[PDB]
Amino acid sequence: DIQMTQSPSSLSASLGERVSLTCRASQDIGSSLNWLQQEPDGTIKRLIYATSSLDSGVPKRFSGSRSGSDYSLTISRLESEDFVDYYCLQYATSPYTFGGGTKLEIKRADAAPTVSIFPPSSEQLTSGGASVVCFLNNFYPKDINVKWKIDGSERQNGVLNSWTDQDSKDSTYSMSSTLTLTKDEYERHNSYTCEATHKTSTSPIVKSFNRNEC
């Protein structure tokens, strides 16, 4: 089947800048390439058809072109609503195929995470379980590492992470990390630490508590 190699897979840019995305077809597709945009709520909308034509009611900042096996979507000047996902679609020969997508994110000033750690609740302890929760809030850029420490040692099992999308008001990312243990395994130990590594500081941000401290 025809392969569409879409690049870049991710890109950061600021308001007002120009960006272009590229789909490399593995075999000739002619002018038979669409560009699509997908909103965070899931709405897909066609932007460009037949390589270069603009859909009705699509703003003029979008345009499409080809050069050899390379097809491009160009956004002359970024507006804030443009920072979503984009896919190309070849409809030359079935099976139809999409490039792998590009997520566009807004550039902003680097920010360090605000880190908070939480002990299990007493209601939870009376169930049989103990979740330790760490929030790493409002950081930029999005690349972040969390590590859990127990009595000084690194812990990897039982750790579930969740990430928010880029926030539309301040353009930062937030992350929760949850370490889940049985009541007994939790009470076999003393200090609990979550450690965040991020570009904004050379050394990790570290939050701990001690459960024998009350």
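Counting begins at 1, following the sequence as shown.
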{"item": "Between 132-140 and 104-112 (mean CA B-factor, as deposited), the higher", "value": "104-112"}
{"item": "Entry-level comparison of average CA B-factors, 35-43 and 146-154, reporting the higher stretch", "value": "146-154"}
{"item": "Deposited CA B-factor, highest of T180, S174, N161, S56", "value": "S56"}
{"item": "Where the record places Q90 (Cα B-factor, split into thirds across the chain)", "value": "middle"}
{"item": "Cα B factor band for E79 (lowest, middle or highest third within the chain)", "value": "middle"}
{"item": "Cα B factor band for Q3 (lowest, middle or highest third within the chain)", "value": "highest"}
{"item": "Third of the chain's Cα B-factor distribution that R24 belongs to, per the entry", "value": "highest"}
{"item": "Modelled-residue ranking by C-alpha temperature factor, third containing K199", "value": "highest"}
